[PDB]
Structure formats: C-alpha cells, structure tokens
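> Handing you this structure, nothing more for now.
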RNA sequence: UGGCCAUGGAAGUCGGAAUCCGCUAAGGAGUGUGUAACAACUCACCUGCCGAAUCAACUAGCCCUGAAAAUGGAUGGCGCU
Ligand SMILES: [Zn+2]
C-alpha cells in the first residue's frame, strides 16, 4: 500500500534524525552500509580484519568501545544469511548522552528503496549522509536503450541502477543481391525494422506507465544509428511517454554495458530536472503577483492563515527557512499559545511574560516548520512543494519573499 | 396516478363546499410560492386557501347532488388565474385581511403602472458606478463623493403608463417596489348571496 | 460598520454549520470574522467550548457577535439530534465503519424532537410532524426493528400533547 | 462598450444556434435534425459553445 | 434541511449508499448551467388564450448519408421520370 510506505518512510526519517544527533567518543561509533548484491561473508571478513587492526589501538577508552562495536555488528550479521534487497545499514556504537548515560546502541535495517551505496566508517558521530541524500532524491528516470541487436529497458534513482526488461532480435541483412527484388526486400527490411520500434514503444508503455500516468519523472533513449531517433519522433510512440523524453544519448556499446555509459553522459540533464520543475512552479506563482489576480500568499503570518482558512492549492517552501513553531505555556493559569518565530525572535525574546495576569510565560520547546508543513499538509490543502534558492525565480522567492508562499484555491482578501 | 388523484381532488373541493357556506374567489396573478406560504401562515386558523382549474368547473356536480342551487351563479367567474378561499368567519373583515397582507414584488418591465411611481432624492449605495443608466432617460444624478446621489424628487412613471426596461432595472437596483400587488378579489360567495367587493 | 470603524450596538448574526471539534481546516473566521472585531483562534476556542461534550457528530453554529463576544448556540436539525440520540459515543478515528448502524428505537424521544421544532412546517399539529421526523431519519429505521414508510399512517399517540 | 439589449440581438443572429456533430452545419437552436443532406439530417447535434 | 456519506469542497448539483414526509395545486432530498461553496439561472402539477386530434417507441419498403484513384467511358449504347 501507498499509505503504509509513507509511514515506513517517516519511521526511517525519524530514526535517521535521532542517529545524527547521537554523538560519542574518539571514533567509537560505526557507520556501515551494504548494497543488495553484496555477500555477508565478505563483510564479516572485513569486520574481522578491522577487529584485528583495532586490537593495536593505543588509547584505552576508544579501543575497547570499538572492538565491542565490531563484535556486535559481527553478531547482527550472523542472523542474516544473505544481504537482503535494498541493502543493509548497520549503525553501532556506544553513545554519550544526558544523565552521563554511556549506552550501547545497534540499529541494523534494510531501508526502504534500494541503495547502491557502500560505506565503512568509524567516527565520533554517526554518518547518515547517504540515507538522507537518498530520501531527498526519490526522482526515478527511465532508460530505453535501443540497438539493432536488441533493446533494453531500465530505471535510475539518484543512487540505484535497475534493469526492467530486455530482448534481442533476429533482424535481416542490409543488402539484396537482385535488381528487382532489391527494392521489395528493402521495403520489407524497413517494415521489419518499424515493427521492432513498435514493440519497443509498446513494451515502453507496458513498463513506464502506471495507472495511465507514467511513474518516471523523465525517460531517456540511448543508442546509435538513428534508431532512438526512429522511436523518439514516431507517432507510434505514445505522447504521454514521448513528452518526458529529455535526452537522446549517443552511446558506444549496447545493452547493460551501454546502459551505464548512457547514465554517465545523461548526468547534467538528469540533475537539471528538479531545477526545471522548481522554475515552472515559482514561475507560475510569480505570474499571479505580476498580474492583479490575488490568488497568492506570502509570510508565515499570511500563508498559514490562508492554509487555516479557505485553503491553499499549493504551499511553496524554501528548505532553509529556519522559522520554527514553539509552544508557550503559563505557570499558574494554564493558558497557552503557539507562534511561528524567526531565528532571533526564538533564541532570546522578552515578549513572553503573560502581562495580563503578571507571570513569566515559559516557552516549551519547538519543532521547526518545514517539518510541520510535511506533518499535516494532507489535512489542509496540500502539494507541499520544496524549492531551492538556485533558480532566478527561486532566488527571488528565498531572498525577497522569505522563502515561503503559496498558490491559492481562489482569490483571498487580507488586512493588517 | 391522475385518475385516483383526480377523484381525490373532487373529494377535496366537495368537502370544502359542504363544510363552509362562504367562499372568497381571489385572483392569483403574478404570485410566488413564498407569497402563498406567507398567506397560509397568516390565514391558518380560520380560512383554507385553494387553487384550482376546470375541475372547479364542477360546482355543477355539487349543485347536482340532490340539494344546492346558488352555485350556478359562480360558474362564469372561474376564469383567469383563479383560486378559492373557503372560510366561516365573515365577509367584509376577510376582505380587509386579504387587502392588508399583500407583498412588494419588484417592477414588471412592459406591464401597466397602477400608481404614480417616484424616485426620492437619495444615494444609491454604491461606489463610482454607471451614472449613465440613470441619466439616459431624464434624471438628475451626481457623484457626490463616491455614492451616486439623485438630486431631485421626480416622477418617472404615471398611472396607466407602460414601464420601460431600463427604468425598471434601475428601480430594482434602488430597491423601489411599488409595482405588482399580491392577489386581487374579483367576486364573493356568502351563504348564497353574491357581492362585488362592496 | 458602514463608513470606517464604529460599533453603535452590534448584535450581528451569521450562520456557520459543522463543528464537532476545533478542526484543522477550520475556515471559521476570515471574510466575516476580522472586520467586525471577532478574532480567529479565540473564536475557534469559544466555538469548541459551546459545541463540546455533545454534539461531536456534526453541529450547527449561529454566531451572535456582541461587539467582540460571540454567543455560539446549537440550533437543532432533525438528523443531528437523531445521531446524538444513537448508541454513543465512538467519536473520531475508528469510527470508520461508519456512522450508519441505525437500530436505536426512539419512540417517545422523537415527541421531544417534534416539540423542539421552531414552529415551522405549516403543520396541522404533531399528527403530521410525526410523519416528517419519522422519515428524516436516514439511519435510525424507527422502532426496535421496524421500517419507516407506511407504519407512520397508523399513529395512535401525542396528538394533543405537542402544542 | 455595447448596449446589452443590442448585444443579445446580435447574439441571436450569431451565437444562439445548434451545430451538427457530423458536418458542423450552423443551425437554428430549436433544431432536432440537421439541414444537410451531406450528413443525412444527422440529429447528433450540439449547441454552439458560448464565449466565456 | 449544511438531509447523509464525503471536509478538498457538494446545504439538489466533482462522485457514491440513499432517497421519504410536510405544505400540498405542487416541485426530484433533484435534469442541467454554473459555483471553492452558495447565490442566481434553468428543467413537474395547474391554469389564460387558441380549437381536434395529438404523441411515443419499435419495425420494414423505396430514396438518401455512410461512398476515395489515377488515358476519357460505359444499366451494351442512345436515352428514360
Ligand atoms: Zn450536418
């Protein structure tokens, strides 16, 4: 199910946040990561040597904590007989924390999504840069790879390199050694060749579409001999599939050895898609400001109020914004209020005396708003669109507009 | 349907004729359902209002029923848009209650004017809007700081005059509703005797 | 309220409906709210306080603004009071399957329902009102294990008690 | 811009019409069948789309 | 009567389970238009005028649409109502 996946993602997002905060001594921690193809015995060998080398660590505290961490991960890996699909991510150590509580910790988990990243590390802290970098780039792209020998279909997350399907074909010869039949056989050869493009286009609709709306944010053709060009511009190719064709790559080799060549060439263009979608959205937001219209909002004072009321349609947000939701509380009367505060208005603020009664109004701890938006945009109006500061329209939205805005469901009036 | 209902409608009108010896023929005219409900609420306890057709052309069958004359006088007056008001109280009092109720109902564009309609000197209740709609025929209107003020008490439409379309719409925007009426009384039936609103 | 900012008396009424709890999506104030001195979060808290402990399965909200103090009231709708007099109370979040059990009797409880109707209906007393509210119930299905439809025709009660 | 009754008069002539679904013939709005022998008095008709 | 499910808004109206009573002369818990949602408009029952047939759904005959080819052209030709 889709809802169960989103909960599993949120579970891991929460877990990840707690592990980055961890902190520990010298280099007592372990950050270990295993790809899905990998063998566990080879990893269990690696840890056994790392255990051996650790035996000659001079400083006491570090040494004994390391070895015990290496023994724990070794024993966790004994439980699995194979590295599961999606890889494995093992996070051992002995974390320091409040109450002087030097406690041992182990978190092995097969992550959601497949991961193509290996990593062995020890350090004072854990290293979840791989996992968070994955979680950001959910964007899948498709890769159709045509060749006169035979086709290939596969997909490509920021990390992971998949193979969906492939076939090989018994295509005819170039020439016909009769005068009269040359022309007929050449037409016949071109009809076999067109049927091959049709099959590839049909299989492409079979694979890349999902509920009559394609899952892949793009799609790449990669080939030679103007065979990708035959597929790209043909009326056979379904337009819902064709409109997401971003690159037609020229590759040496074919199939899966050509695949990873096609990815290396297609890198800049596949990175630029997020930047293009940003521009398109903030460009759509800015047109409403350019005209009268009035189907827009900006500032946490307004944008939230708009979301509370007659809701927004899209809620644009800058990653970095730093504005945070505190929960203020009274000592005697038990009165409370929540406010969305800037970095200086949250760090130190003499505002929060209760005044009317005459007491100190204690600011009970926060959470910070990009996270709050994600928590319950579903219970408002939705399409929480994270944007960056890279684009010229985005740069204005971040620097000028405070990195927060929205495209509204209808016209709205505002005062004060 | 519409055989059993038709028989049920005959039973409704005969029972009302048997119960009440007095009926008030009222012209429906340009009337709303909201008007008819308001009249129902006002005249709930005593009177019972009805609205019929050429199965009110059927008082003949009541007169046939081994008893009544006098209902023969009422046959020609069931013409136009007609409905009845059956009741037992009185005649001149009920006439005054019918006259007193009524409703505004805004200008009918094209129809005759019953009274001399006027436009008092007052603001419309708008911003800088079209003064050209008012001044097209022959009205003195100024934009006295935002609001469109009419500067004189003038008679647009007189008695027995046809109401134009543009002047009817301006009266509807101003919320001036002298036209229409509600319902009219043409003839009466009082225990056999007929009266003509007198 | 007309030219700039003036309260001569302000006993201004406007009709909102639905209000089991606070509501995240709210839509309570704006438009009518802020212009007229009624705020937003405080007005939502006052609306929660009046429509708290019953009804939590949809309510009605006439909002009489006394300058800055709103007087929220629960004017009765027929189906709401039937759902209030159901098998309570599994409020929110399962729930879920769904709110249509509808086997909760109410014979003499609907007599109170026809009495609390704000006159209305252009009726010939409860004899006809009994027929109306006995069919308003989409869920309830009348007495013990009855139907609604034609059992209504043979009523033998509460003709003279409801005025 | 343009006097309303004057506008509706010119609509009557230009826009208050039926259209044949086969042959695009522009037809009077009361029409149930088409004029056109080319589409065999189709009867698949639609109204002319109003300007928004 | 903001009916219920649905809140993302459906108080008749994206959808769906429902789907009855009152007033009734009579209006569907609604054909659509359109609305964020209403509103506003539009679509029975009955009259007023006019003055005998009216109307629906099938069906099969001829005729017509469906019906586009390359030298100029063939119910055999001329022609034929
Ligand atoms: Zn046609």
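Note that chain A is numbered according to Swiss-Prot, with residues 6-421 shown in order.
Method on record in the header is electron microscopy, 3.5 Å.
Cβ coordinates are placed from backbone N, Cα and C, and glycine is handled just like the others.
From Swiss-Prot, for reference:
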type	residues	note
CROSSLNK	A:87	SUMO2 cross-link
CROSSLNK	A:279	ubiquitin cross-link
CROSSLNK	A:404	SUMO2 cross-link
MOD_RES	A:63	4-hydroxylysine
MOD_RES	A:185	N5-methylglutamine
MOD_RES	A:347	phosphothreonine
MOTIF	A:61-64	motif 'NIKS motif'
> Between the recorded positions A:63, A:87, A:185, A:347, A:404, which lies closest to residue A:279 (ubiquitin cross-link), Cα to Cα?
A:404
> Taking Cα atoms as reference points, which of the recorded positions A:87, A:185, A:347, A:404 is nearest to residue A:63 (4-hydroxylysine)?
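Looking at Cα distances from residue A:63 (4-hydroxylysine), the smallest one goes to A:87.
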> I'd like the Cβ neighbour count for the residue listed as 'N5-methylglutamine', meaning other Cβ atoms within 10 Å of its Cβ, all protein chains included.
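8, counting other Cβ atoms within 10 Å of the residue listed as 'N5-methylglutamine'.
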> How many other Cβ atoms are found within 10 Å of the Cβ atom of residue A:347 (phosphothreonine), counting all protein chains shown?
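Step by step: centre on the Cβ of residue A:347 (phosphothreonine), count other Cβ atoms within 10 Å, giving 14.
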> For residue A:87 (SUMO2 cross-link), list the number of other Cβ atoms lying within 10 Å of its Cβ atom.
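Taking all protein chains shown, residue A:87 (SUMO2 cross-link) has 11 Cβ neighbours within 10 Å.
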> Roughly how many angstrom lie between the C-alpha atoms of residue A:347 (phosphothreonine) and residue A:87 (SUMO2 cross-link)?
49
> Cβ atoms within 10 Å, counted per site: which of A:63, A:279, A:404 has the most, among these recorded positions?
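Most Cβ neighbours within 10 Å: A:279.
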> Would you kindly give the Cα-Cα distance separating residue A:185 (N5-methylglutamine) and residue A:404 (SUMO2 cross-link), rounded to the nearest Å?
72
> Which of the recorded positions A:63, A:279, A:347, A:404 have a Cβ lying under 8 Å from any Cβ of chain B?
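Listed recorded positions meeting the cut-off: none at all.
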> In terms of DSSP three-state secondary structure, what is the assignment for residue A:87 (SUMO2 cross-link)?
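Reduced to three states, the DSSP call for residue A:87 (SUMO2 cross-link) is coil.
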> Looking only at C-alpha atoms, tell me how far residue A:87 (SUMO2 cross-link) is from the residue listed as 'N5-methylglutamine', rounded to the nearest Å.
63
> When DSSP is mapped onto helix/strand/coil, what comes out for the residue listed as '4-hydroxylysine'?
coil
